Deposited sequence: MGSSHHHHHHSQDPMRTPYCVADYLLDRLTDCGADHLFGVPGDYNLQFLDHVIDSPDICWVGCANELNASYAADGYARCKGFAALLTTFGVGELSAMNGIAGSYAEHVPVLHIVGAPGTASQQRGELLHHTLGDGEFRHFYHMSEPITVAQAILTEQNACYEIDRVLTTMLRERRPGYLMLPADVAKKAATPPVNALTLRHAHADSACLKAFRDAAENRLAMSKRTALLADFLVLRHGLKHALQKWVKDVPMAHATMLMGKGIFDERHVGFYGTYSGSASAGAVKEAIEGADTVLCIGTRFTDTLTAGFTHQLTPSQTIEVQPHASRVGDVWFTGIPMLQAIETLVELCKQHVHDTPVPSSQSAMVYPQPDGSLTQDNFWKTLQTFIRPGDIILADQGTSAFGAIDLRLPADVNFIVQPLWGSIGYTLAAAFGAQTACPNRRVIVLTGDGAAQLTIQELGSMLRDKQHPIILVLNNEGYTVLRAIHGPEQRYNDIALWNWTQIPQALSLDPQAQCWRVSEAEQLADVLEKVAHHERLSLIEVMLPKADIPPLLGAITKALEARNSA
């Protein structure tokens, strides 16, 4: 077992922050998996299918800052395509390792299984190009620096990368590196940074009331602490949108609720849109986040900070790291921001469900909500400190959270994980619940059983049968997907019953599945505003 390319990749992978590798084995990657098994630093996590594995890697990376997925050539990697695309869309650094047939077999154009039967072995590599920031076909002549290049780009951009690893290349001799892979964040040219500072210094100097709006890019680039410390040292009205929920302790002074354009609470609209200067840090104004692009923020009103560039008014300042821009604005806020913000039921409904959940969440919780009434209602939760709130409203692939929850719980075995998934969404990835049980995880899984696609019903055709789903027996799924599930399941239709059940499962001694019975047409306030925006 001499040190080889397979070991080098695992060594670099652990340097980047991944301690687990998710995926599904295949004959093209079994020999690589031996090194995964033998490594003391990386733990193999076999998944029930590749799509769920890619979702789990995404959720893992939202907890540890990095993740890796292993699939087999062809059938495996294409199954994971939707997961990698979601990671690219929402800036999640997931490494996709594809175990591939040996280079000799590829060069001969053999009619191998998991190919299109044409002797071409690069179709799927090229198909992955639009959803990765970097990719490589590893060869005996390039392996170690292509591994380092792809991973470094992933770290810089916080987006997926792709490595094709032929079985023969994986065994090629390598040398253990003396230096661990690190990025060492870059610095702007001092004249460019000064130009941004001077324009920002001027703009803040004439600001009467300043507000701060931060979102998911600060989460991806490890700037959560900086934004939290920013608002302590300089108290001002601040919010996030749905994607960036969890950046701020929502109990803190100056927070009035999540910003969702015209669907925001009145206090939030006045806090953010009513300020004459709004600092937008890592924001992307998507249709869902803005309730149909109904946000009212003008270029003159805003200073915007993006990963490699920042904007003051109509002028863009490129080549400025987002951390350096933030550090620059903090200084300036200290110098120019003065203000002090001066701040149960019977039958289950959306309204009393989220109110009941509000009393249940605690600091340290990991909360995942799927597209549907789950995410659109969870936006109204007031998150306490140290909450990781995982939602995917830009890509918006239902089924993500259940599988992502398995990844997040794997990343954080000592934290309480709350899974809010609709009944429709959970069907898409249900087999990963078996993975949860096999690994003895204890998440609190709340299935919003409104018997179908309620969000689709509210958009169009409420009585149309294509908005119906097969009706599952949710509380019996754990006993079907495990020979001995240590799980406790309830079906609840009353709020007091839900509150009592939430008390029982508070300390997550066992996996809990709560089937929440909700009306077919019952709607959270944000989605009602969203549906109203879609008319004309």
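Query raised in the report: Could you give the ranges of the deposited sequence that carry no C-alpha coordinates?
Result: Those parts of the chain that were deposited but carry no coordinates are 1 to 16, 360 to 369, 563 to 566.
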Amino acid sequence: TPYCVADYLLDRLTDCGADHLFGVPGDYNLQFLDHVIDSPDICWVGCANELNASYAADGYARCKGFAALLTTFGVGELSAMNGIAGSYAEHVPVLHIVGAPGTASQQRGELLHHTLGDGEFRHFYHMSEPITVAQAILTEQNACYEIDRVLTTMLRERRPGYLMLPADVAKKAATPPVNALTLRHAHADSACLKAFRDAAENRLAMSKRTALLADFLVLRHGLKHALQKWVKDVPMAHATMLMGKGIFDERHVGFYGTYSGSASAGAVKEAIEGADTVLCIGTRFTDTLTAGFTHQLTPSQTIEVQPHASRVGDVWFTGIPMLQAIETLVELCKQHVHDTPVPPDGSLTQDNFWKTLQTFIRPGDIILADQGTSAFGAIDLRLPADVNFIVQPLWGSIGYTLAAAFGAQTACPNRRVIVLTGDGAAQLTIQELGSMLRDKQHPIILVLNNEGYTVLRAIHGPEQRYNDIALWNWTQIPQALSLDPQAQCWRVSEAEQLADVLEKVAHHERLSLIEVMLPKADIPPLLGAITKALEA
From here on, numbers count along this sequence of modelled residues.
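Query - 277 to 285 or 86 to 94, whichever carries the higher mean Cα B-factor - result: Going by the record's values, the stretch with the higher mean is 277 to 285.
Report task. Read off the CA B-factors in the entry, average them over 489 to 497 and over 467 to 475, and name the higher stretch. Result -> Per the deposited B-factors, the answer is 489 to 497.
Report task. Going by the CA temperature factor in the entry, name the top one among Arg203, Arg122, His114, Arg457. Result -> Comparing C-alpha B-factors across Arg203, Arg122, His114, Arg457, the maximum falls on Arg203.
Requested in this report: Specify which of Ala80, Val417, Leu437, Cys333 carries the largest Cα B factor in the deposited PDB entry.
Outcome: The record points to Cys333.
**Report entry** CA B-factor placement of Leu527, once the chain's modelled residues are sorted into thirds
**Finding:** Answer is highest: the recorded C-alpha B-factor places it there.
Report task. Quick one: classify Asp148 as lowest, middle or highest third of the chain based on its Cα B-factor. Result -> It falls in the bottom third of the chain.
Query raised in the report: If you rank every modelled residue in this chain by C-alpha B factor, which third holds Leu70: lowest, middle or highest?
Result: For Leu70, whose C-alpha B-factor we compare with every modelled residue in the chain, the answer is the lowest third.
Query raised in the report: Lowest, middle or highest third: where is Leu446 by C-alpha B factor in its chain?
Result: Tercile = lowest for this residue's CA B-factor.
Query - CA B-factor ranking of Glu509, expressed as a third of its chain - result: Middle third by C-alpha B-factor.
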